[PDB]
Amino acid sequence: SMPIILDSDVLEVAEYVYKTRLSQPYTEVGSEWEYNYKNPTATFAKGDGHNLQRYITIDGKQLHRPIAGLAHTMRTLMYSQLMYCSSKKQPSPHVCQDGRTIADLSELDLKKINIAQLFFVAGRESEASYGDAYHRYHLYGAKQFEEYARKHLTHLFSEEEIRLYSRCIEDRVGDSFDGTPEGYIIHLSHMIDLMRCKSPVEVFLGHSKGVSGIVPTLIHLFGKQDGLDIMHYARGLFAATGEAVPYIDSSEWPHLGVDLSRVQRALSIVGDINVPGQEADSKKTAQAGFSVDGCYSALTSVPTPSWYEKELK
């Protein structure tokens, strides 16, 4: 198969985002951002999580925002490239609210998409992910994209496209994930990476009644084979970047405190499935976390699925 390659212009924007945001410590942290549902307006916070996983130490050096850092961000751009290929093979791709599909995107669209993806969690000021923090952090990343794009990307984006792509990043309360294919692929690429930090419930069964899991969603969109190949690809990227690779064990699904019909639905779509985990690796975590060089070196080392191809012209 062919390799997944990111445009060199895109990698330059990645260096800017790493330097000005992803490398920076989180600021909505400390005693003023603790939370208790029993005394909820007691500090600045409106929910839990502000003080979680702010940094980890590797050989005495702190890697800030390890759950939402350079490795996470980079990985998302690999996934959109892969989902673009899968969508062009599909006899009838998912039709978004504007009437367009991922298969209607151009290579130039994918370049623009990849630039916006760089900023998707760049606005975060902690691991807080309840409604208000999520929306503020997305708003901040959208404005960081805008400010950079007006200064350096006006040869690539019109003022209209800057506001459209800022919108996709912002993800307003009133907006659906599939308003446009540009927006949908950004959301889906982000979705795939959640396997790094979510339990089997969210990944296979759906986090609440009515919600599809992450992996069932990929199967409904790309079919069972490509859906599972995307999953295994993401897991390959986790290993290359030193993430803990989760175990998969469908025999445990009925024992996780979830409604049995949520379990039957997952077994009928996914099938029985058992895959070993792998412990995190501190050296690969640092190589992927501390430079675009290191991270891109790791990501391009992973083989792509056998069906991956790109149009060269």
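Start at 1 with the first residue shown and count on from there.
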69-77 versus 165-173 - greater average Cα B-factor per the deposited record: 165-173
107-115 versus 188-196 - which carries the larger mean C-alpha B factor in the record: 107-115
Candidate residues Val211, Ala239, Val121, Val203, the one whose C-alpha B factor the record puts highest: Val211
Top Cα B factor in the deposited entry, candidates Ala244, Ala288, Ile248, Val263: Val263
Within-chain third of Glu125 by Cα B-factor, per the entry: middle
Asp226 - Cα temperature factor, lowest/middle/highest third of chain: middle
Chain thirds of CA B-factor: placement of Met2: middle
Third of chain Cα B-factors occupied by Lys284: lowest
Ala234, C-alpha B-factor rank within chain (lowest, middle or highest third): lowest
